[PDB]
Amino acid sequence: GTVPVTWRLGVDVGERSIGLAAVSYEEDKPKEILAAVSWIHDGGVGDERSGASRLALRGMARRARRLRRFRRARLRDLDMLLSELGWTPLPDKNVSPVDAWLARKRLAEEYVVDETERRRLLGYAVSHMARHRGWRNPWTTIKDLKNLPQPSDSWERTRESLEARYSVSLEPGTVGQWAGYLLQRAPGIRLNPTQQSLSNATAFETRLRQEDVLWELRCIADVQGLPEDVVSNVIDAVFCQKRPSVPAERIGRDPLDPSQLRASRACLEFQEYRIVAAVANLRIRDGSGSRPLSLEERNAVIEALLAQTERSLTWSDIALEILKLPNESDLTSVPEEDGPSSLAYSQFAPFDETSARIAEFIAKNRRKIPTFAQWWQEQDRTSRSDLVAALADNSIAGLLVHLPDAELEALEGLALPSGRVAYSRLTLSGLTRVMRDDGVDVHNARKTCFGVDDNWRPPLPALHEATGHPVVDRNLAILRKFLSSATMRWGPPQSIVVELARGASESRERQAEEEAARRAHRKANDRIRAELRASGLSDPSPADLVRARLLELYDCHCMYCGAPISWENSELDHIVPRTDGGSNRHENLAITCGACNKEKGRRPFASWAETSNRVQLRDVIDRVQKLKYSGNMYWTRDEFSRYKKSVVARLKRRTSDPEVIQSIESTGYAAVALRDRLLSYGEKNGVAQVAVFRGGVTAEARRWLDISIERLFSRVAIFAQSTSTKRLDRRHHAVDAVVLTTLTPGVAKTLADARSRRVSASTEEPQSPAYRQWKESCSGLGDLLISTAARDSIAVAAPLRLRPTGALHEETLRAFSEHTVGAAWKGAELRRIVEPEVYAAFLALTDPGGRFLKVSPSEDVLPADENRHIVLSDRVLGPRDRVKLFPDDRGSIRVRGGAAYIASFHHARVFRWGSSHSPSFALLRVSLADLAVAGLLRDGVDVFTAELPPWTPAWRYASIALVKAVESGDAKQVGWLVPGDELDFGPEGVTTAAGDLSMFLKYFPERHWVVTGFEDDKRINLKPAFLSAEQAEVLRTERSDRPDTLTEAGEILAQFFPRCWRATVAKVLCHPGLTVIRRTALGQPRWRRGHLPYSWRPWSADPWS
RNA sequence: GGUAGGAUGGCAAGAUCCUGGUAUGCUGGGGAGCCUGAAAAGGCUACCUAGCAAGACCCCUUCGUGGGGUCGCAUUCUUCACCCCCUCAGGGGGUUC
DNA sequence: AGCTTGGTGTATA
DNA sequence: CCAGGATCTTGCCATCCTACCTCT
DNA sequence: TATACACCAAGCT
Ligand SMILES: [Mg+2]
Ligand SMILES: [Mg+2]
Ligand SMILES: [Mg+2]
Ligand SMILES: [Mg+2]
Ligand SMILES: [Mg+2]
Ligand SMILES: [Mg+2]
Ligand SMILES: [Mg+2]
Ligand SMILES: [Mg+2]
Ligand SMILES: [Mg+2]
Ligand SMILES: [Mg+2]
């Protein structure tokens, strides 16, 4: 039943939102707002305290499971080896707590003459070592571990610290020796530092390394006289570790050849391609204009750059010595950002990094690889590229030379450049061949080699294809639902408009400062890269650069604790921790002393420093604040000042708060990816154009069409001075999308110019033909938006999570309690009974014909009957037997021999009883644990209606009135509520207001509310749908900054959020005209009952069929 | 020309996962020291050991309430229903008020 | 006596 | 916390291609 | 361009 019309799609992506608009147009004027909805999503986020997505939490849990599985297999293999050697592994019980440690100590100290005792001690020591083997680089092998210095420098520092601390020198001073000695000498000592939430000093400060444990194993072997084959087998069994792997399907594809993976940066084809392309983009000044390099010129430059052992040829060197130009500046189009004193000409041209590193490794390891050195000298570039590609792809989860195994291991240990380039190896070789044989650049080489035209673009993903990024996937799912529904309603759009998260309206001072910052970062990164490569670190990561920078900035001292640190034992602390959403920006990164980081844990810094006697908050603040800016460092002067301020602000925080920095990076990815998929849709559906505009253009357009969100949605002012932003009303996303449907490139030019002139500061109206035509076309848009807002047509909707997947229970296992049969049983004790059969039989004792337990938690339900017996289906419990109880009177399930609290509620089942004119309502709050122990997490189960047994936590902790009404036959399930369901109270609004809710509804008469949770058995948590919690939170922040700049309405909003309406269920569902609104993708409520969730009124909803 | 978009390379700042590890933590089983107690058993500080979503599927086998292998918290309208796409009944997608 | 509000634990680095 | 692999974004520089707009 | 919920306790009419 599609009714075709000319309409435009507007897409405004966001981190936790997306505004979508279908706006029908006659000629170029907006005619009708067909749909306007702000969809509020979670951005993929689970466990809202941290910003960690559900995907990230699933990956972390899966990898913990994989770690534990591999550990079980590895310890089983070690157990088989120990049985082969006749060495007794450490028993699970009835041994001394220091048996393994004293075994390690004695085997390191003295030869054990008794052979049976010696083998028992060896088995104890080796099994315990494999349980506690310390850390090594996962990419390194057993030979690499054996080649590491033994023991590590960290253990030598630890050992001299312990020798000074305890005034004794154990010889040779192994980890097992020191731990056994300290557990005997200072009983109750902790070995490794833990979270400090009483508090004594630990034995060790830094992370244990596998070369320390290996050195202890060698010491034990030398003292006990063990054979070398036995020691080798024990080393390979103890220190066995799975190689990290890269799944090939997560590698991107070549756009010019989609059957081929993208090539690595190590590839010789890429090195030559990069050199040739960079040379082909160079230009020579020829008569107030530029010409490309001649064939001999580019051949000379390319051979000079390819035949380089070291990066020593600058662009000035290429201009002066290779091209023999009269002037340094005669070479134009140098691919560098220029600076003072010809910085761009002093930068280095590209070279062959793989060939240079392989030549250095051949020259440095001549004795190790004579066969490979001769093979590399003999063989040409194609076979060199084949072997280099094999070494680059060795890390992929899915060598053409009969080489010795030691040589093969050595050249598998060589670090080549990492990272994927845009094109495959085949494409790079073909483009390089065309570029060198002809005199052409990459574009003409692409046209020649692949037969593409000047209009060619790389292939785009389709709408149904996810990216794997959770924010982007949320935005994409909502957009594709909206577009499918809108195409069925009105046909394909004439044009699609996407807002990109880009902006360039900055002052000249800001652009100059950013350029200076880029220059300083590049110079210091190059210096630090050179130093780290001189320290045997081929490719420093950004974390490596930050680590070296902070080690130089604080002169190798723990930032918090002041203790001396090295590269090996230091840690990079998130000052705001990861479980608080803390970013990896370097103002959140502190270099720490290992123990110092672990003792901080996940607590905020000022609270931890107040509790701890290791650090002082003021000492850390003065240490950060006395940093003196040297002229030649990574930061500029203003960047250094901002960095110190940000670090001090992160150190000063006392309560667990989220990260203050909002990253726009997910929003930009969502905009770009959704644009690409909308382009694919438009190619499949004949859409005229997918246009893109920046968000500053959208803001400017709203400014010059007199589109004020507060006037549009009748919002009282919240600030004393100025006007509040659009962030107060969530409908602004949809309004942005509507405004985006009006934009043209010329008027975007005009509005961007107006924005740049205004930000470099009344005011003056823009003047341009595009601007005048756009004002004439969009004169009525304000009236359309006022009428649409007056009809309550701009929906704010949250998508529902109906799948019963996620955390089945809370992660903390808890000890069970006990209670004797013959004692007196209160209501809470009967409600906490673990076993369903014992709970059901006690239920039948308290109420014989009953199927539910209706107890008040404080009433004394059963007296102390000394002769009470329960006859189970398989046993009889007398009065002396203990009944296992859950530790607390809250919903809990039995998991793995312990008790776990239920997780958050998946849904609530709405039950209604009483008369039709005054019905009573209650919620059966249902969690994932309820469906798990009910057997409802299986195929073919409607989880919202499938019957739950009475011993589930849902029915145990349902309200007493609900339990009585369900057993009396009066209460029936008439619907269900999930978090994110919309409660629309109608035009009559909320009438049961009492207290602060009345004061809130005085200024904000909100009729649309979002179910956020079910905090107890009688209550539902409702926040207003249209009002944003972030506006009220930044109000609460800014209230402590300026005197009384908030309006009374803004203050009442600030006190209302974030707890909002903690509402009684019987007061909410007793509203006549209240409806539970389940919207379609277009924001329209679903009232027809099909196979999707539909709207329903709790007053007159039918009992469930 | 200017703006905008897209390519490739470089640089800078970040985001998102993925693989492999470490150390704690929790619970069960222990116990080295100390303390409270003992004709009257538990705590505290550590350390050892097992497990760390409930569970699902496949094979044992020198026949068992276990041994082994691969997995299980993402893809937000579960399940059902209809339609679509890619893979042989698996996965993904849409369903207009 | 029953709804109004305030504090707090939750696996982590 | 650690190493390190993959995907992507924003900003700047160089080159190539596209569409679009506005003053001589 | 974003950032809790479920449990436990007080608490003035
Ligand atoms: Mg926007
Ligand atoms: Mg392991
Ligand atoms: Mg270990
Ligand atoms: Mg320890
Ligand atoms: Mg930390
Ligand atoms: Mg928006
Ligand atoms: Mg432990
Ligand atoms: Mg231990
Ligand atoms: Mg398991
Ligand atoms: Mg579905």
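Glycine also receives a Cβ, built like all others from the backbone with ideal geometry; neighbour counts cover every protein chain displayed. All of this is worked out from the model, or read from it or from the source named; none is laboratory data.
Of the residues in region A:202-210, not one is over 30 Å from residue A:602 (Cα atoms) and surrounded by fewer than 20 Cβ atoms within 10 Å (Cβ to Cβ). Identify the residue in region A:634-651 that is crowded, with 17+ Cβ neighbours inside 10 Å and basic (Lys, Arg) and, among all such residues, is farthest from residue A:616 (Cα to Cα). Residue satisfying both the conditions and the ranking: A:644.
In region A:576-630, of all residues being of a type in the set (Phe, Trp, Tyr) and either closer than 22 Å to residue A:191 by Cα or surrounded by 15 or more Cβ atoms within 10 Å (Cβ to Cβ) (or both), the one that is farthest from the chain's Cα centre (by Cα) corresponds to A:608. Select, from A:940, A:898, the only residue that is among the small types (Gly, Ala, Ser), farther than 15 Å from residue A:835 by Cβ, over 30 Å from the mean Cα position of the chain (by Cα) and not assigned by TED's automatic domain parsing to the domain that holds residue A:1069. Exactly one residue qualifies, and that residue is A:940.
Of all residues in region A:460-472, one or more are part of a helix (DSSP H, G or I), more than 29 Å from residue A:291 (Cα to Cα) and within 16 Å of ligand 6 (Cβ to nearest atom).
Restricted to region A:694-711, and to residues there that are over 19 Å from residue A:776 (Cβ atoms) and among the basic types (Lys, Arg), the residue that is farthest from ligand 4 (Cβ to nearest atom) is A:711.
Residues considered: A:784, A:740. Of these, the only one that is crowded, with 21+ Cβ neighbours inside 10 Å and of a type outside the set (D, E, K, R) is A:740.
Residues in region A:17-39 that are buried (at least 19 other Cβ atoms within 10 Å of the Cβ) and either within 14 Å of ligand 1 (Cβ to nearest atom) or basic (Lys, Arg) (or both): A:17, A:18, A:19, A:20, A:21, A:38, A:39.
The residues of region A:332-366 that are of a type outside the set (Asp, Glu), in a loop (DSSP other than H, G, I, E, B) and more than 14 Å from residue A:305 (Cβ to Cβ), listed by number, are A:333, A:339, A:340, A:341, A:342, A:365, A:366.
A quick yes/no check of all residues on (1) more than 31 Å from the chain's Cα centre (by Cα); (2) more than 21 Å from residue A:382 (Cβ to Cβ); (3) in the same structural domain as residue A:354 (by TED's automatic domain parsing); (4) part of a helix (DSSP H, G or I):
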{"position": "A:409", "(1), (2), (3), (4)": "yes, yes, yes, yes"}
{"position": "A:414", "(1), (2), (3), (4)": "yes, no, yes, no"}
{"position": "A:417", "(1), (2), (3), (4)": "no, no, yes, no"}
{"position": "A:422", "(1), (2), (3), (4)": "no, yes, yes, no"}
{"position": "A:435", "(1), (2), (3), (4)": "yes, no, no, yes"}
{"position": "A:440", "(1), (2), (3), (4)": "yes, yes, no, no"}
{"position": "A:443", "(1), (2), (3), (4)": "yes, yes, no, yes"}
{"position": "A:447", "(1), (2), (3), (4)": "yes, yes, no, yes"}
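Quick check, is residue A:200 within 16 Å of ligand 5 (Cβ to nearest atom) and not β-branched (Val, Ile, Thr)?
Values: within 16 Å of ligand 5 (Cβ to nearest atom): no; not β-branched (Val, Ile, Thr): yes.
Criteria not met by residue A:200.
For region A:1022-1030, the condition of being crowded, with 19+ Cβ neighbours inside 10 Å, within 30 Å of residue A:969 (Cβ to Cβ) and within 16 Å of RNA strand B (Cβ to nearest atom) holds for none of the residues.
Looking at residue A:539, is it away from ligand 1 (no atom under 16 Å from the Cβ), touching a strand residue (DSSP E or B) at 6+ places or on another chain (Cβ under 7 Å) and not in a helix (DSSP H, G or I)? In short, no. Determine whether residue A:311 is basic (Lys, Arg), under 30 Å from residue A:217 (Cα atoms) and in a loop (DSSP other than H, G, I, E, B). Spelling it out, it is not the case that residue A:311 is basic (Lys, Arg), under 30 Å from residue A:217 (Cα atoms) and in a loop (DSSP other than H, G, I, E, B). Has region A:119-132 got any residue that is part of a helix (DSSP H, G or I), within 16 Å of DNA strand D (Cβ to nearest atom) and within 27 Å of residue A:569 (Cα to Cα)? The answer is no, given that none of the residues of region A:119-132 is part of a helix (DSSP H, G or I), within 16 Å of DNA strand D (Cβ to nearest atom) and within 27 Å of residue A:569 (Cα to Cα).
Run down A:245, A:232, A:199 and say which single residue is over 35 Å from the mean Cα position of the chain (by Cα), loosely packed, with under 15 Cβ neighbours inside 10 Å and not hydrophobic (A, V, I, L, M, F, W, C). Answer to the check: A:232. Pick from region A:904-917 the residues that are farther than 15 Å from residue A:1068 by Cβ and out of contact with any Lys or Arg (no Cβ under 9 Å at 6 or more places or on another chain): which of them is surrounded by the most Cβ atoms within 10 Å (Cβ to Cβ)? Among those that are farther than 15 Å from residue A:1068 by Cβ and out of contact with any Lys or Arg (no Cβ under 9 Å at 6 or more places or on another chain), it is A:904.
Candidates in region A:191-247 are the residues that are over 30 Å from residue A:116 (Cβ atoms) and of a type in the set (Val, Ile, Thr); of these, the one that is farthest from RNA strand B (Cβ to nearest atom) is A:206.
Going by the structure shown, is residue A:654 part of a loop (DSSP other than H, G, I, E, B), more than 14 Å from RNA strand B (Cβ to nearest atom) and surrounded by 17 or more Cβ atoms within 10 Å (Cβ to Cβ)? No, not satisfied. The requirement of being more than 16 Å from ligand 2 (Cβ to nearest atom) and in a helix (DSSP H, G or I) is not satisfied by residue A:717. Here residue A:89 clears all of (1) surrounded by fewer than 17 Cβ atoms within 10 Å (Cβ to Cβ); (2) touching a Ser or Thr at 6+ places or on another chain (Cβ under 6 Å) except the condition numbered (1).
Here region A:134-171 is the region considered, the condition is being within 14 Å of DNA strand D (Cβ to nearest atom), of a type outside the set (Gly, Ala, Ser) and not in a helix (DSSP H, G or I), and the residue that is farthest from the chain's Cα centre (by Cα) is A:148.
Would you say residue A:674 is under 27 Å from the mean Cα position of the chain (by Cα), within 16 Å of ligand 6 (Cβ to nearest atom) and in a helix (DSSP H, G or I)? In short, yes.
Select, from A:113, A:98, the only residue that is out of contact with any strand residue (DSSP E or B) (no Cβ under 9 Å at 6 or more places or on another chain), within 14 Å of RNA strand B (Cβ to nearest atom) and hydrophobic (A, V, I, L, M, F, W, C).
Values: A:113 fails: within 14 Å of RNA strand B (Cβ to nearest atom).
From the options A:113, A:98, the qualifying one is A:98.
Residue A:926 satisfies every condition listed in (1) crowded, with 18+ Cβ neighbours inside 10 Å; (2) away from RNA strand B (no atom under 12 Å from the Cβ) except (2).
Which one is surrounded by the fewest Cβ atoms within 10 Å (Cβ to Cβ), of the residues in region A:427-444 that are closer than 21 Å to residue A:385 by Cα and not β-branched (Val, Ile, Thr)?
Within region A:427-444, the first condition is being closer than 21 Å to residue A:385 by Cα, and the residues that meet it are A:427-437, A:442.
Going one step further and asking which of them are not β-branched (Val, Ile, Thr), we end up with A:428-431, A:433, A:435-437.
Values: A:428: 26, A:429: 22, A:430: 21, A:431: 26, A:433: 17, A:435: 25, A:436: 19, A:437: 11.
It comes out as A:437.
Mind telling me which of the residues A:735, A:759, A:739 ends up being touching a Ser or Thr at 6+ places or on another chain (Cβ under 9 Å) and under 30 Å from residue A:1041 (Cα atoms)?
One residue alone meets the criteria, A:759.
Pick out the one residue from A:85, A:57, A:67, A:75 that is over 40 Å from the mean Cα position of the chain (by Cα) and more than 16 Å from ligand 4 (Cβ to nearest atom).
Going through A:85, A:57, A:67, A:75 in turn, just one is over 40 Å from the mean Cα position of the chain (by Cα) and more than 16 Å from ligand 4 (Cβ to nearest atom): A:85.
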